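Report on the structure
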Amino acid sequence: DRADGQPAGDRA
Amino acid sequence: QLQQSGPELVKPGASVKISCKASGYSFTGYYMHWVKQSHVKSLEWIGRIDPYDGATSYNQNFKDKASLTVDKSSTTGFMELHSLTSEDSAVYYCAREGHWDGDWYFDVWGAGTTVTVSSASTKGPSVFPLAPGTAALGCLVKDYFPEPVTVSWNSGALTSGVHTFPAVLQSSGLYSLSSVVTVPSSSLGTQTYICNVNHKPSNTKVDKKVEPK
Amino acid sequence: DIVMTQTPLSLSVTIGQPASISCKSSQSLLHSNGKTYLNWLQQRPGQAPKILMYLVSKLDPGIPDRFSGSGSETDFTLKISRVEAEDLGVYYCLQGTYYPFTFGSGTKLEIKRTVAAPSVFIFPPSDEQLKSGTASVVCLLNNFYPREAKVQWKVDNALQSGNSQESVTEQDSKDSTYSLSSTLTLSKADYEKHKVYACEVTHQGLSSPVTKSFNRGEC
């Protein structure tokens, strides 16, 4: 499984 | 969970790399983020790294100041700060963005790494006894640089009644603090009291037995 | 970047009373995907921040049920139904909707409790320290409230001024009291020219001032 996170962590 | 490296004394203009060792979970399944705490009530998100492929995302305020890497073999994350100024002295945290029941949030934090940007040299403290129904005894931890110093009593077995005061600055520019403990007066003479002082920047580890004079 | 504004920036509460902290964001934190990424964090003295709840009001397991959050769009509130002594510290809101993550300036939560008088101790300088050229005399005030205290040093009855330094602990997370150290710093020669060293403590919890003293060289 791959990491995910809250959207404020990525410019997209 | 997350174990960060020890405090750093860094010259202005030099760079520093601090680390965060992960254990007990799948290192490559979770983002590692870094956070700056500059004053008692100031938190800034620096950026994050995907430990699986090393992909990074920076707060634009830090894209030149900080570089994030990982070492997959040793499941360790790193943040390097470049060209330090006094504005970079702060406590820096690593945090894991974990997930519970489909949602993600910062669910694990390291204890923080204190970085002090300074032209001055490191100095270990000298440790002097504060000799004693309640009695008080303690240790005076004097003339060290930089922060921090940690103090424990009897190797961590004595915790109740302990007060380790915040460091104050002396006219010499060096820090000083005291750690005290209140104990039953009836235990002075049968119970040994030792303050264990550790100032990692100078490799100073002192154990001082405190007894009535 | 989203500006997070917290209200108030500091508040004191009696153990058992409710507490509320407000957070206002410069833009609605409602993401296009339907979720509202508002987080509340607590930072106790000396420790790392810790998530209390995420997505506005979803509590991290292990956080006591007395914590709850609400709000939407641009206005959010953190509430503690009944404050406990361990709730002291700094509280932050954190938005995770718009890159980059931004925190608010923390709100400091202090505990109000009843007056408590300090117990006072005085420590002479050690001989080891006197072997170098300096003498430090330490006065300890233990487990008192409120924080305000007057500690005066008298050497052979002469009030000292400008040669002492104080340090105060953070509020204790168990009994909500403070402790205080006052250090009188003298050259070895000045220390050896006098006999009686005393710290005199004035405090709301003391009906009249308390003095602890020693005679130099009388164990």
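Residues numbered from 1 in each chain as written, not as in the entry; some residues may be left out. Chains lettered and ligands numbered in written order. Heavy atoms only, no water. Residues with missing side-chain atoms left out of burial classes, pairs and counts.

Its PDB header names X-ray crystallography as the technique used to obtain the model and reports a resolution of 2.20 Å.

**Remarks on the overall build of chain B**
When helices and strands are counted, chain B shows 0 helices and 19 strands. Along the first, second and third principal axes, the C-alpha atoms of chain B reach 60 × 45 × 30 Å. (Helix = DSSP H or I, 4+ residues; strand = E, 2+ residues; numbered from the N terminus.)

**Some remarks on the state of the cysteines**
Summed over the entire model, instances satisfying the criterion amount to 4 disulfides over all chains. The disulfide bridge from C20 of chain B ends at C94 of chain B, spanning 2.1 Å between sulfur atoms. Sign of the S-S torsion, about 65° for the bond between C20 of chain B and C94 of chain B, identifies this disulfide as right-handed. Of this pair, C20 of chain B sits in strand β3 (residues 16-22) while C94 of chain B is found in strand β9 (residues 90-100), placing the two residues 74 residues apart along the sequence. Side by side, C20 of chain B and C94 of chain B carry an identical accessibility label, which is buried. Residue pairing for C139 of chain C: its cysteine sulfur links by disulfide to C199 of chain C, the two sulfurs lying 2.0 Å apart. The chirality of the disulfide connecting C139 of chain C with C199 of chain C is right-handed, given an S-S dihedral of about 75°. With a gap of 60 residues between them, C139 of chain C in strand β13 (residues 134-144) and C199 of chain C in strand β18 (residues 196-202) connect regions that are remote in the sequence. Across the pair, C199 of chain C and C139 of chain C agree in class, each one buried. Across chain C, the disulfide pattern expressed with sequentially numbered bonded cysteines is 1-2, 3-4. In chain B, the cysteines engaged in disulfides, taken in order along the sequence, are linked 1-2, 3-4. (Disulfide = S-S within 2.5 Å. Buried < 20%, exposed > 50% of the residue type's maximum accessible area, 1.4 Å probe, protein only.)

**Details of the packing of aromatic side chains**
Evaluated as defined, the whole model comprises 14 aromatic pairs over all chains. Centre to centre, the rings of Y25 of chain B and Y30 of chain B are 5.6 Å apart; their planes meet at 80°, and the pair counts as edge-to-face. For the pair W45 of chain B and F101 of chain C, a centre-to-centre distance of 5.0 Å together with 55° between the ring planes defines the contact as tilted. Residue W45 of chain B is located in strand β5 (residues 43-50), and its partner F101 of chain C is located in the loop between β9 (89-95) and β10 (102-103); the two belong to separate chains. The exposure class assigned to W45 of chain B is buried, which follows from its relative accessible area of 1%. For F101 of chain C, a relative accessible area of 2% corresponds to the buried category. Put simply, the rings of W45, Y93, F106 and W109 of chain B together with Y99 and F101 of chain C pair up and form one aromatic cluster. (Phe/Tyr/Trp six-rings, centres within 6.5 Å; stacked < 30°, edge-to-face > 60°.)

**Some points on the domain arrangement of chain B**
All names here are of chain B. The assigned domain composition of chain B is domain 1 (2-117) and domain 2 (126-210). Counting residues at the interface gives 4 residues for domain 1 and 6 residues for domain 2. Across the domain 1/domain 2 interface, buried area totals approximately 400 Å², and carbon plus sulfur atoms make up 85% of it. Of all residues in domain 1, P7, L9 and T116 give up the largest surface area on contact with domain 2, accounting jointly for 82% of the area buried on that side. At the surface where domain 1 touches domain 2, the tally comes to 0 salt bridges. For the pair domain 1 and domain 2, the interface holds 0 residue pairs in polar contact. Partitioned by chemical class, the residues of the side of domain 1 that touches domain 2 number 2 nonpolar, 2 polar and no charged. (Domains from an automatic or database assignment. Contact = heavy atoms within 4.5 Å. Buried area = accessible area lost by both parts, 1.4 Å probe. Salt bridge = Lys/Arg side-chain N within 4 Å of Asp/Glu carboxyl O. Polar contact = N/O pair within 3.5 Å; in protein donor to acceptor, adjacent residues only side chain to side chain. Nonpolar A, V, L, I, M, F, W, Y, C, P; charged D, E, K, R; others polar.)

**Examining the sheet that holds strand β3 (residues 19-25) of chain C**
Residue and element names in this part refer to chain C. Read from one edge to the other, the open sheet built from 4 strands follows the order β1-β3-β8-β7, with strand pairing classed as antiparallel. Edge positions in the open sheet fall to β1 (4-7) and β7 (67-72), since each of these has one partner strand only. Put simply, the sheet's adjacent strands are angled 20° from each other on average, direction ignored. Note: β7 against strand β8 (residues 75-80), 6 bridges, orientation antiparallel. (Pairing = 2+ DSSP bridges. Axes fitted to C-alpha atoms, helices over the stretch in contact; angles between N-to-C directions.)

**Regarding the environment of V162 of chain B**
All names here are of chain B. With respect to the helices, strands and loops of the structure, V162 is situated in strand β15 (residues 162-164). Between the C-alpha atoms of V162 and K142, which are 20 residues apart in sequence, the distance is 18 Å. If we skip the residues at most four places from it in the chain, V162 touches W153, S179, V180 and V181.

**Some words on the side chain of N142 of chain C**
Positionally, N142 of chain C belongs in strand β13. For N142 of chain C, the side chain forms a polar contact with the side chain of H163 of chain B, separated by 3.0 Å. A polar contact of 3.1 Å, which involves the side chain of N142 of chain C, links it to the side chain of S179 of chain C. Residue contacts for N142 of chain C: discarding those within four places in its chain leaves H163 and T182 of chain B together with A117, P118, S119, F121, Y178 and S179 of chain C.

**Overview of the interface of chain B and chain C**
Tallying the contact residues gives 44 residues for chain B and 44 residues for chain C. Considering each element in turn, the side of chain B that touches chain C owes the most residues, 6 residues, to strand β13 (residues 134-144) of chain B.

**Some words on the interface of chain C and chain A**
In this assembly, 10 residues from chain C lie in contact with 6 residues from chain A. Summed over both sides, the interface of chain C with chain A buries roughly 640 Å², with 63% coming from carbon and sulfur. It is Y37, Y99 and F101 of chain C in chain C that bury the most area against chain A; as a group they hold 68% of the surface buried on that side. The tally of links between chain C and chain A comes to 0 salt bridges. Grouping the constituent residues of the side of chain C that touches chain A by class yields 5 nonpolar, 5 polar and no charged.

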